[PDB]
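Undergrad: Return a 3D structure for these sequence lines:
(one chain, ligands or ions: 1)
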Amino acid sequence: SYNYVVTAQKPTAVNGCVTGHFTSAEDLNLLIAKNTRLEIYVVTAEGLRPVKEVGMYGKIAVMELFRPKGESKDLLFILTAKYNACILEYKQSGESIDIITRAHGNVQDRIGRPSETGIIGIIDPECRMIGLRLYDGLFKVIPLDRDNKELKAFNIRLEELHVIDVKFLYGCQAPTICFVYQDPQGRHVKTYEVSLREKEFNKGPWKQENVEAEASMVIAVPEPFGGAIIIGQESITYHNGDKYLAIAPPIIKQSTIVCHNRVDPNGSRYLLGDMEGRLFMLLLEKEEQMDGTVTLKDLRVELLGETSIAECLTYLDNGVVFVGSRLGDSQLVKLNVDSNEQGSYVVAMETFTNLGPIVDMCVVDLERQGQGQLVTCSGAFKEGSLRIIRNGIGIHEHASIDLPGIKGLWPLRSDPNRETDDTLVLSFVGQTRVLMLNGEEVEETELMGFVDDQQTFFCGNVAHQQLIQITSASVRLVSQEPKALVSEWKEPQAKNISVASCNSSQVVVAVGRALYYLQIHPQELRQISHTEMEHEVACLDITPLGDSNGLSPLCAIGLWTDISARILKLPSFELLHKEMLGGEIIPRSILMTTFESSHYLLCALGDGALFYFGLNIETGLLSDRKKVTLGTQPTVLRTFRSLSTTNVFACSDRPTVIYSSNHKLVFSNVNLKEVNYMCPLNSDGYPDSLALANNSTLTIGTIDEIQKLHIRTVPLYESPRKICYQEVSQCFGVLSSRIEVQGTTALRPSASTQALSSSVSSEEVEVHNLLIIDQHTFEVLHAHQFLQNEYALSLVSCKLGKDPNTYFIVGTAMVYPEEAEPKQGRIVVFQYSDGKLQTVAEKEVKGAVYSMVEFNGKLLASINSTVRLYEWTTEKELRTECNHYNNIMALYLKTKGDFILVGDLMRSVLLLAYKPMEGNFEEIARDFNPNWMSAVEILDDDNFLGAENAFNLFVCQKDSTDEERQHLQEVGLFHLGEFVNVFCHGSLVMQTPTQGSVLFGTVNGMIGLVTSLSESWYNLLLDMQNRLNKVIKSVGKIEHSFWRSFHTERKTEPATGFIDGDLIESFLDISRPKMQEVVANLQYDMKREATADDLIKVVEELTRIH
Ligand SMILES: COc1ccc(-c2nc([C@H]3CCNC3)no2)cc1
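TA: Numbers count the residues shown, from 1 in each chain. Now the structure:
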């Protein structure tokens, strides 16, 4: 098996968050862990400024900042889920930012079952040690000597086997842990000192205490309080020596508090977040003492308001809180001293997309044909949603004029008072036209000073309240009031101008090979200098960059013949830098531009190639050449603003926006047909807009947010579970569940209680529903509620037998507390007609209906340990045809032709065939290796894909004996690092090295793709990986091969049959010399030594598949 796996959407769920001074001594930073990704921000009064985002070869399990004695700057400790430990430092060497690994090592033990309650990692306030709870009964200590670069550790026996939480205390002479543990006698809090000298615990400073039965979190309180707060379900207690204070506030009893964060450095106030998204303030009241110590007088809890359900909370000063969510969108909120109308102190400032968990999804061509969109069931509880995801950036067209032959567009302010454009100047072969803008009206008009009988190459507002028009014949300077020609420049023999560039006070024009530099003065075009280039000029730019006061010391130029992009000094025209771009196709557009504070040269060729380089605006040096391909026609580049950010629109057959993300250039398709020319337009009637032209038409519209994927959110206010599309009804079916309390009563309104119409089947509880949702408005048209204690598990939309209706079919389970698994459930066939669901037929079965699939006009269903095929009879009932029994728990089905792939709870996958001339199933083959499955997919007749609970993928094949024949072989293995809930065939790209397309959705909201490769392609890419791994410096010095090794509690093996597309794609981001190392000696097709250029082309083809 040869497979390739790549990220289409990175994990969005927030697994943890910390604050401190990491980037510099005086920066306040927010660090966010999104599984495999670490995001670093500087906190401002403006908000969060992104400075650096890195990938780890690992799932981040522990992330803590700490400050070694007498240092100005925090270091970062990370532990991965595979027990990779590192200490990281942030270093900025001028422009370049580097994460350096100061220490690393793997801290796994040989014997050890991972603690069921997870990895805990803590660091003592005096930075003497890191403490890790990895396994029950052991506490691992890493001394923080500067010498301990390998992070060598020792284990201490911990008598208490079941630790709930642990922290290091402040204000202690020896490092001291405080922890809650559980035994038969209940829950207790205890302390121990940790002796480095003895490598053992010593007696803690205070005696143990019994605590609440559901005590779950330990907070170490800084000086001057010291001590610990213990949070439980109905109590909050403070402990410190012969000091004990407890409160039992009813207000917290409704929902478990699951996260905390310190507001005040001295511990006077904490935030607390619960499972329903309530946000509390915990206040510690001080009492003075004669000896000048400070003790705790009392504790209070106050309800502040509501946030997203928080996985973590981080106070960012000035009343600002970052709410990191796993189950909904993350937020920035503000806390105010005074409450609002409805009584909340919490006001939301910003919302960040989280797709996670993705519990189901499907692919549908909603709008066009051939343009797939992903529709997910996302989130949980009050955060549950549908998310609709599609590639590319949209334009909202607001005007359309038929007007062929446009050769350029320029906006103009004809009134020197008003700030908005009021004029659009259009060029045509040998002619110019001026459109005036009065509101939404676009009237043809003249404009005194400008000529209409020459083609315009540039026109604009310029210095000293003047306008400029540059044509093939001359440069014309025009006064604003009144409009009159005040100056006109011509070449000495009045030869044609061939190329024009202009800013507010400078002009460079070309005449064949000649260049002329003019300055714009009051009533004067002043000729400053001229030169003769070695070849004919193709293109020019003099865009001023940086702190430049609108003046460029640089001229960028592209030439014929040598195909060079050059940087020249003005006024002398001295050559500062030359780059030969190769080939025999001339540069067509060149642009100096700034993205996220870094300066670049862009240069586009007529064949669709785009080169880009770092530009030093001081020396004129170009560096770090990169090349993408943006189409096959000449590309024309032009800056525009939207949402207070400068970007570049690339006009071609493939219109593109160029922008920056994490200080790397990014290229995103615009969803339009061919655009030939554009300009920004910001007029009264068309504010913050774009004017667009093709061969026949002028358009004016606004642009969506600049990003790779557009996401629409449909709030449900309850948990979505499964989704299916029903084309004939133009709706989705969505299974959903809401929580109600002890009959039962609801916590808030939600999709299933707010449908247009409703039907019903004739502690906290789940109430399950089938929602019918309109595909255009996403309005809830109908909700059908299932029986009390009925859980809806599976859903399909299909036709059966000879019946022409399409039905929604739901499989359920009746859930009773004492049952190990369900012994009762239903299959229900519904028809959606006239705005309601009618129940057409039912069938009681003796188990949970985990999975259903349409199979050759029949209904395949898995019921507990049985796989069953039903026929749909002429009297509209389901009738069993055949059964398969050899499963533990058949959770997952997929089919292809007569083949059925079965995913088991614990015995991996199994391949059935229906035998149409015997009316029964045959077991073809089974994977005899145990695996705890989460999802399955058929890649093709011979290849079966599985995902399992320890975040691995594998691929099974038949072994091309007869006892031998029924053994599936695991021929592919890969540690993905995500939990796959759903696989589905399809693509987000409009319909090569790869064949097939399978998308997957995950708990962290990551979306991935799996596709197939030939042996040949695999071998090349495998070889590339090995070379890439030798040159790339990895954060924490984790080996890529270690990261991607298949890993469960049973077995660890190198990955095989799987290319890591994220790694391959990173090839485009290394330095050109590194690309040479990577390239040196490797075959490529009959055969030859491959070049860096060859590989850039290949990797580009591979980015196109998502
Ligand atoms: C195992 O524990 C440790 C603790 C601290 C360091 C360390 N401190 C530093 C300082 C000096 C220059 N940069 C910050 N660089 O590494 C290394 C390993």
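
Undergrad: Just the helices from the stretch 1001-1106 of the chain, written as ranges.
TA: 1015-1031, 1040-1044, 1061-1065, 1072-1079, 1092-1103 (DSSP state H, counting those that start in this stretch).

Undergrad: just to confirm, which helix or strand has the most far-flung residue of the chain relative to its centre in it?
TA: Ranked by distance from the centre of the chain (Cα atoms, centre = their mean), the top residue is residue 493, with 59.0 Å. Using DSSP states H and E, residue 493 sits in no helix or strand.

Undergrad: picking that back up, which one of the helices of the stretch 1001-1106 of the chain lies closest to the ligand?
TA: helix 1040-1044 (20.5 Å; Cβ to the nearest ligand atom). (C-beta placed from N, C-alpha, C; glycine too.)

Undergrad: C-alpha coordinates for the closest one, CSV please?
TA: Taking Å, rounded to 0.1, in the frame of the first residue of the first chain, the C-alpha atoms of helix 1040-1044 are listed here in CSV:
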residue,chain,number,x,y,z
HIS,A,1040,10.4,12.7,12.6
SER,A,1041,10.6,8.9,12.3
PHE,A,1042,9.9,8.6,16.0
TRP,A,1043,6.9,10.9,15.8
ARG,A,1044,5.3,9.0,12.9
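
Undergrad: hmm, back to that, for the residue farthest from the centre of the chain, what are its contacts?
TA: Not one residue lies near residue 493 by Cβ atoms under 8 Å, 6 or more residues apart in numbering.

Undergrad: Make CSV from the helices of the stretch 1001-1106 of the chain and add distance to the ligand to it.
TA: Listed next are those as CSV, based on distance: least, Cβ to the nearest ligand atom, whole Å:
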stretch, distance to the ligand
helix 1015-1031, 24
helix 1040-1044, 21
helix 1061-1065, 28
helix 1072-1079, 26
helix 1092-1103, 35
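
Undergrad: so which of the ones you listed gets nearest residue 419?
TA: Closest approach to residue 419 among those (Cβ to Cβ): helix 1092-1103, 40.5 Å.

Undergrad: Name the surrounding residues that touch the closest one.
TA: 4, 6, 627-629, 992-994, 1020, 1024, 1061, 1064-1065, 1067-1068, 1072, 1075-1076, 1078-1079, 1084.

Undergrad: at 10 Å instead, please
TA: 4, 6, 582, 626-629, 667, 992-994, 1011, 1017, 1020-1021, 1024, 1059, 1061, 1064-1068, 1070, 1072-1080, 1082, 1084, 1088, 1090-1091 (Cβ atoms under 10 Å, 6 or more residues apart in numbering).

Undergrad: which non-adjacent residue is nearest the residue of the stretch 351-500 of the chain found nearest the ligand?
TA: Residue nearest to the ligand within the stretch 351-500 of the chain: residue 352 (31.8 Å; Cβ to the nearest ligand atom). Spatially, and ignoring its direct neighbours in sequence, residue 352 is nearest to residue 330 (4.3 Å; Cβ to Cβ, 6 or more residues apart in numbering).

Undergrad: still on that earlier bit, what about the residue farthest from the centre of the chain, distance to residue 457?
TA: 19 Å (Cβ to Cβ, to the nearest Å).

Undergrad: Skipping its backbone neighbours, what lies nearest the closest residue to the ligand within the stretch 601-750 of the chain in space?
TA: The ligand sits closest to residue 663 of the stretch 601-750 of the chain, with a gap of 22.9 Å, by Cβ to the nearest ligand atom. Once flanking residues are discounted, residue 663 sits nearest to residue 596: 5.5 Å by Cβ to Cβ, 6+ apart.

Undergrad: can you tell which of the helices of the stretch 1001-1106 of the chain is closest to residue 200?
TA: Among the helices of the stretch 1001-1106 of the chain, the nearest to residue 200 by Cβ to Cβ is helix 1040-1044 (32.1 Å).

Undergrad: Tell me the buried residues in the closest one?
TA: 1040, 1042, 1043, 1044 (16 or more other Cβ atoms under 10 Å).

Undergrad: before we move on, the earlier item: just the buried ones from the contacts of helix 1092-1103?
TA: For the contacts of helix 1092-1103, buried by 16+ other Cβ under 10 Å: 4, 6, 626-629, 667, 993-994, 1011, 1017, 1020-1021, 1024, 1059, 1061, 1064-1065, 1067-1068, 1070, 1074-1075, 1078-1079, 1082, 1090.
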